[PDB]
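Below you will find one chain, with nothing else, as structure tokens; this is the form deposited in one PDB entry, and questions on how it binds or moves follow later.
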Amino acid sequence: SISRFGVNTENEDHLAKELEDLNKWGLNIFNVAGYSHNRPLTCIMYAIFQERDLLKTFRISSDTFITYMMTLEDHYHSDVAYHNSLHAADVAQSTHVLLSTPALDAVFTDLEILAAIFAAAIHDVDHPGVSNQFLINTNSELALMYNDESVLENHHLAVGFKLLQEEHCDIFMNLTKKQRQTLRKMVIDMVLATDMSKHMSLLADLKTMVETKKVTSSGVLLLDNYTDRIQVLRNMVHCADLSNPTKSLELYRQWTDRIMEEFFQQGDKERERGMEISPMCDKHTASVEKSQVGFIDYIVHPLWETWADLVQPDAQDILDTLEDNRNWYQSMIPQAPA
């Protein structure tokens, strides 16, 4: 309902043009936010749920959905440069595209599709713009509550679900009790998996699976048991979360400026509070280009090559873009050795 969005017909027409890419990696979520009064997460999520008939399937009225989404989106901090609703919207939409990869056709149930997109939407909700370590080092009440383990990730989950109890926000009201239980389990699993400290083990397990990889006569992947599906789902959301470098350079560069500003912001907070300045959080000693190249080589590329392997040749264009983007940054590195 365009009215809940406060969008007039002219921006609705702009939005319509942007949403033509709803199912494409090339969608520009920045333009989406620009035409939706900066409610990219609710807009994109509504478009996604309509596109996949998830509202009909799970009996979620547009009212309940929009109410919950606008509430959730409002719990993302618009003053946090990277981990805001724009990033959540990007990850939800990226997850939406990844779910429809040829190699995974007919593999996931609707509840699993619902879980993955929900997970993506709430995975960074109420993010303060600082790392778990910063929260730990400052003796944050949040760190004490979660015993220094996956502090933010646990909090993102607690908030995403807690907001279902606000007025007209229970979008899972009509799922059976078993459905809610299963979705909760899967969502918790996928969001906890976004904790970068679990990356290596996620990748390790992911490779170990690409080995026993099974397909059909048409090439479609075969995932018959839960453990395997959830493992693919958790890695999928992780990949979407780490998809910035695989996007058109125009987009990637905007994501990089944001993550760097957020790091510098934390750097400022550490200086303000008399703490030692963390790595990559000092704008006067950080190498943006070197960082990206290093991030891609050791984290992003190793992840996406493995995902591309699992669903080959579906992710080939993504891998090519990733590699082009990496080399572009490697060339932009300030002309050393002098």
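Between two forms, the rigid core is defined as the largest C-alpha subset superposing within 1.5 Å. One rule holds for the numbers: they count along the sequence shown, beginning at 1.
- For the pair 200-208 and 108-116, the mean Cα B-factor is higher in 200-208.
- For the pair 71-79 and 218-226, the record assigns the higher mean C-alpha temperature factor to 218-226.
- Taking the PDB entry at face value, the top CA B factor among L27, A308, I66, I44 belongs to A308.
- Among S61, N31, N38, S287, the highest C-alpha B-factor recorded in the PDB entry belongs to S287.
- When the modelled residues of the chain are ordered by their C-alpha B factor, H238 lands in the middle third.
- In the PDB entry, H301 places in the highest third of its chain by CA B-factor.
- Residue-level temperature factors show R52 in the middle third of its chain, judged at the C-alpha atom.
- Ranked against the other modelled residues of its chain, the C-alpha B-factor of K177 as given in the entry falls in the highest third.
- Among the modelled residues of the chain, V187 sits in the lowest third by CA temperature factor in this PDB entry.
Heads up, the form deposited in another entry isn't pictured, but that's what we're talking about next.
- Checking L55, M275, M70, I299 for C-alpha shifts of 2 Å or more between the shown form and the other one, after the rigid core is superposed, gives a single hit: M275.
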